[PDB]
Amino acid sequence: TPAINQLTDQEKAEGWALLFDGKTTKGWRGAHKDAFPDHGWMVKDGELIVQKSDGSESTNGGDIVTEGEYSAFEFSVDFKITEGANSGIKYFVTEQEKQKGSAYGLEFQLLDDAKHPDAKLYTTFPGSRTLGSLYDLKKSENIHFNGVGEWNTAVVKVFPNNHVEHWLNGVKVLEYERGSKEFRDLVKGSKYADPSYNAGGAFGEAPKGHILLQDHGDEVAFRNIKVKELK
């Protein structure tokens, strides 16, 4: 096993870039903020951890985004969730919208399906809010989840081709073509059909955007955060 939070000399050769160094928040800032949040996130034992909300301001730091923007890429992150936890990896995150609400974009849902009350919900498509799914748009299949308290690896691949793939623990769990006719019909059947998500451009269709890790008030830990930009 290689050390956590470092590229394998092979990954470096393949064009991977390490996004989290295991010790600092360099490369990250808060969504709609000039810097990393003051409260709500811990860097401890090579883990980037969202602090559980106690209801107060000091336990709620908000989503964090990569300082850079990506168009064609392969993004990987190891994550460990607590019981009934909810988080998410979002991509094509533009902050080109009112600071109000949250930073939005396409999402690889991270959830404890057995416990969270959002697991069984959906605007139109059954299972579209479960782990690995494209949130509220398309349900994931072939999910081999290691369990609450265990490490898993989530990958998002967006090709130059606009073909998108979600992987969980080495298995491909979902596949779609971004901006397709079919994709836009998924958008109209989701909560992202609301005009608030489509001002400044069609939802999820930005040429490039930030990659975001979500703070939904539950404790989730991240490590081995890396990205390979595709040419």
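Sequential numbering from 1, following the sequence displayed.
Remark: stretch with higher mean C-alpha B factor among 91-99 and 69-77 is 91-99. In this entry, 101-109 has the higher mean Cα B-factor, the comparison being between 120-128 and 101-109. The PDB entry assigns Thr24 a C-alpha temperature factor belonging to the lowest third of its chain's modelled residues.
Placement of the Cα temperature factor of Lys191 within the chain: middle third of the modelled residues, per the deposited record. Ranked within its chain, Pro37 lands in the highest third, by CA B factor from the PDB record.
When all modelled residues of the chain are sorted by CA temperature factor, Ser180 is found within the lowest third. In this PDB entry, the Cα temperature factor of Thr82 sits in the middle third of its chain's modelled residues.
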